[PDB]
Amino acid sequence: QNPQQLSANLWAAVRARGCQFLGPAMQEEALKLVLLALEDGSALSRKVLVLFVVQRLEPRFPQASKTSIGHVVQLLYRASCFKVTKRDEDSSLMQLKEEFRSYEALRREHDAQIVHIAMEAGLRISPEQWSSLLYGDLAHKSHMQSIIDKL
């Protein structure tokens, strides 16, 4: 496959899982807001986490909605980033696992989950293309290479 087919097939696979990558700038800001809410160990319902993030992104990002931010939260959920507390007959509460309570750690797990989805879908994407896809530059090749090699 050419780069364009790889990209389209990747986002199809991500979306098929109820997840979304919103673009490099917006995704970064969304993840920073998840941290802002959860880095201190607060236990939020999925609904309240999404509200926290959406409200802060809406001024800058017309893409921001409960739907689009929900997709980002789902990506982190699928990546096992949350300690989930079940409550009988009620909404579960979510905390960030202690190991993911910094941007570097959370972002790495996020990126690894998208690479994992690519692998699930049979897509072989170079570190160069990964850097472009997830960061909009070619400066994150070594980072993506590390993720690929640890997967």
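Numbering starts at 1 and follows the sequence shown.
Novice: When the C-alpha temperature factors are averaged for each of 26-34 and 121-129, which stretch ends up with the higher value in the entry?
Specialist: Comparing 26-34 with 121-129, the higher average CA B-factor belongs to 121-129.
Novice: Could you settle it for me: does 46-54 or 95-103 have the higher average Cα B factor in the PDB entry?
Specialist: Higher mean C-alpha B-factor in the PDB entry: 95-103.
Novice: Among 63, 85, 67, 113, which carries the highest Cα B-factor?
Specialist: Among 63, 85, 67, 113, the PDB entry lists the largest C-alpha B-factor for 85.
Novice: Could you look up the Cα B-factor of residue 14 in the entry and say which third of the chain it sits in: lowest, middle or highest?
Specialist: Lowest third - that is where residue 14 ends up once the chain's C-alpha B-factors are sorted.
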